[PDB]
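The chain contents come next:
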Number of protein chains: 2
Amino acid sequence: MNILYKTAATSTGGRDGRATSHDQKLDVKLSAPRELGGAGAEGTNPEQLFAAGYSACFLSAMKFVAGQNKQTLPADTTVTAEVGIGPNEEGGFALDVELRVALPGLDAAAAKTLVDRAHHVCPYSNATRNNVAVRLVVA
Amino acid sequence: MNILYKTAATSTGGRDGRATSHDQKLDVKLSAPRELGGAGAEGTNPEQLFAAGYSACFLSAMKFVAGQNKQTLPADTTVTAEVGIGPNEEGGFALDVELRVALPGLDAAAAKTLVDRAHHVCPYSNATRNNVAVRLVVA
């Protein structure tokens, strides 16, 4: 294919994990705290990292979507991904993430449908709703 | 559900994007490839963010797996997530991500099956491969 934009990232096994956009765009380390059986550090939690990233990504995704939908979204809009981890009857762990969408000037009744469609057309969103346990909660 | 541990990460659509793990675990501003259709900022690309976070998360997962499989994995290991984006035949944006699994003391031939089965039993979503075009490249 014709790759317009490409970037390589390198992620090392630091204390629990390390992540660096190798072209010097990103450089940090993450680690699940020893609360439920983690590693032992105060870095960033894994699913928390995906949540934060994805949520932030959702704004950029909608930044584009609005551009093709001929609509304009406020800059003051925010999305808060609240993630929880608990055991499942399968005997393993299970992720439950409530994606809390705050779009200013927007009604909840309308937000239900706007978030739904936005979370339907954008990548990740499909996989994270129909496949994964993300509870879409509109502000 | 019966959550054991729950965290929260908020993300505004600031300039191009913003992401802040509300527990003060993370606080940065990011940016989609404005080169193609973003908003304009000098931050981290969503594609890379997920890729790197996933790579690091995979190392954390493998760490825990080793912990329940009573085995130990070399701390010298690294995973390089190389993400690219280009216009697909469909007329949209397609992500091609070469996920490079560099595990020391391990062959390519063996790594092939190990990474295969590993990504099988614990990916992140079925759509993380079936929806997202990933090249599993073992190092």
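Residues numbered from 1 in each chain as written, not as in the entry; some residues may be left out. Chains lettered and ligands numbered in written order. Heavy atoms only, no water.

Structure determination for this PDB entry is given in the record as solution NMR.

As recorded in the PDB entry, chain A goes by Organic hydroperoxide resistance protein and comes from Burkholderia pseudomallei. Recorded in the entry header as its title is "Solution structure of an organic hydroperoxide resistance protein from Burkholderia pseudomallei. Seattle Structural Genomics Center for Infectious Disease target BupsA.00074.a". For chain A, the Sequence similarities (unreviewed entry) comment in UniProt is given as "Belongs to the OsmC/Ohr family." (UniProt positions renumbered as here; feature names shortened; annotations may be inferred.)

**Here's the deal with the layout of surface pockets**
A volume near 1,100 Å³ is recorded for the second largest pocket. Lining the second largest pocket are 38 residues, and of these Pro123 and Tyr124 of chain A together with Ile85, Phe93 and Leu95 of chain B sit closest to its centre. Among the elements of the structure, α1 (46-68) and α3 (125-131) of chain A together with α1 (34-37), α2 (46-68), β4 (78-87), β5 (93-102) and β6 (133-138) of chain B are those that each provide at least two residues to the lining of the second largest pocket. (1 Å grid on protein atoms, 1.4 Å probe; cavity = no way out; pocket = protein on both sides within 12 Å on 5 of 7 lines; lining within 4 Å. Points joined across faces, edges and corners; volume = space filled by probe spheres on them. Helix = DSSP H or I, 4+ residues; strand = E, 2+ residues; numbered from the N terminus.)

**A closer look at the pattern of salt bridges**
Scanning the model with the defined rule gives eleven salt bridges over all chains in all. Of the charged contacts, one joins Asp116 of chain A and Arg129 of chain A as a salt bridge, the two residues approaching to 2.8 Å between their closest N and O atoms. Here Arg129 of chain A lies in helix α3 and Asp116 of chain A lies in helix α2 (residues 108-121), a separation of 13 residues in the sequence. Here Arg135 of chain B makes a salt bridge to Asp96 of chain B, at a shortest N to O gap of 2.8 Å. One end of the pair, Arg135 of chain B, is in strand β6; the other, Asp96 of chain B, is in strand β5, and 39 residues separate them in sequence. A residue is classified by how much of its surface remains accessible, and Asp96 of chain B, at 8% relative accessible area, is buried. A single salt-bridge network, built from bridges that share partners, covers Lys6 of chain A together with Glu82, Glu98 and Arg100 of chain B. (Salt bridge = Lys/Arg side-chain N within 4 Å of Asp/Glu carboxyl O. Buried < 20%, exposed > 50% of the residue type's maximum accessible area, 1.4 Å probe, protein only.)

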